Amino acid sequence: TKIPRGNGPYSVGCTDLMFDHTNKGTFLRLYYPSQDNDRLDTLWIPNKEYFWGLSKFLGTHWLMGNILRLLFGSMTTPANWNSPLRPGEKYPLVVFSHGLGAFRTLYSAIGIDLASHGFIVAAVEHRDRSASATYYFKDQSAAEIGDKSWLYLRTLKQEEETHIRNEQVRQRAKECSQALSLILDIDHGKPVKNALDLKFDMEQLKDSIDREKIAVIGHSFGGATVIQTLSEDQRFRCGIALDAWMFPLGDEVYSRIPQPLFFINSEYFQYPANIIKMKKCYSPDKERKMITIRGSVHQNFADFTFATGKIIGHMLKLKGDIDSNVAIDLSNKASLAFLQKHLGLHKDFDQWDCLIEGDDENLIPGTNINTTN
């Protein structure tokens, strides 16, 4: 278990929620403050088809899929699977959107760290075919016996891309809003029958959301999803884009983001055309912050940075010059500080306010890339 445990004082539980069972419903992984960190036994990549999906994304064979499955198939992540929700408190809510070729379970280092600080985190699984793999049920009977229909990553054409990637970012924002609706409906007593058959009873979530303290966070494609979801849905109060890939977004959205917005970048992923689209979101009247994590790579935000050793990590570009634990800790603590300021939380995350400013040895304020104005 090279995936780090949450740094905060709450115990972390984990479950999956699918509702409804169709290709049009919500599928999410939930991380939440539980009634104990008893065992930490949540399976990281819970189905063999995700490995096949992951092979596809890398552009490789049936063989590589089996090898991934052999290497990573029984790995756990430090959350207590299906542990009861901790009663007696209303929790702020994060909706988390994964990157291209990922899926709901691959951002547990972030989900678990937030949960440990008292948040409920819903990591959505997107059905736009940007996920390496996902599933749904063709009908109610198939759900009942666990008979899954799988949907795998869509590969494109160099020409198709503009329009396809835009439609995908639009579907993703809508899935994020839809997950939020599902949670808010459950919070208000809507009866919900999980299409999965799991010991966690969703009725625990009744009256357990602080309905006013909601945030969207996401990585790469999920970072663009943050921006689209915020422009559409003003129930989300702030967003945090982790190494956003801005390409999918339409020209019109940059003037359409009222909520506070934080860009946390890797050093090595970023390039001028991407940064200039980020700067396009800035306005004299709107809170925008930006920091870059020194010597970090794109994968430093995802759980695969924790999955191999330092040598194999560096060669595979899963790890950067920075220690992976140090990088995720800076991103998480900057994020918490930001969430405290903009969600109005009564916690001590403000002890990391200097991180939002990039005032640390492992941080750059803004970007090291340069542009005109």
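Here, rigid core means the biggest group of C-alpha atoms that superpose within 1.5 Å across both forms. Numbering starts at 1 and follows the sequence shown.
**Student:** When the core is superposed, where do the C-alphas shift more in 9 other deposited structures of this protein: in 60-68 or in 303-311?
**Tutor:** Greater root mean square C-alpha distance in 9 other deposited structures of this protein: 60-68.
**Student:** Comparing 164-172 with 136-144, which stretch shows the greater average C-alpha B-factor in the deposited entry?
**Tutor:** Taking the mean C-alpha B-factor of 164-172 and of 136-144, the larger value falls to 136-144.
**Student:** Comparing average C-alpha B factors as deposited, tell me which of 77-85 and 173-181 sits higher.
**Tutor:** Result: 77-85.
**Student:** Whose C-alpha has the highest temperature factor in the PDB entry: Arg29, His314, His342, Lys333?
**Tutor:** Largest recorded C-alpha B-factor: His314.
**Student:** Which one of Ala337, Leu43, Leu63, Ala327 shows the top CA temperature factor in the record?
**Tutor:** Highest C-alpha B-factor among the listed residues goes to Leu63.
**Student:** Select lowest, middle or highest to describe the third in which the CA B-factor of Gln234 falls within its chain in this entry.
**Tutor:** Its C-alpha B-factor, which the entry lists for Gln234, ranks in the middle third among residues of this chain.
**Student:** Comparing against every modelled residue in the chain, figure out the third that the C-alpha B-factor of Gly25 lands in (lowest, middle or highest).
**Tutor:** Within its chain, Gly25 is a middle-third residue by C-alpha B-factor, going by the deposited values.
**Student:** What third of the chain, by the recorded C-alpha B-factor, contains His117?
**Tutor:** It belongs to the lowest third of the chain when residues are ordered by C-alpha B-factor.
**Student:** Is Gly13 in the lowest, middle or highest third of its chain when residues are ranked by C-alpha B-factor?
**Tutor:** CA B-factor rank for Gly13: lowest third.
**Student:** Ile186: which third of its chain by C-alpha temperature factor?
**Tutor:** As the PDB entry reports it, the C-alpha B-factor of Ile186 lands in the highest third of its chain.
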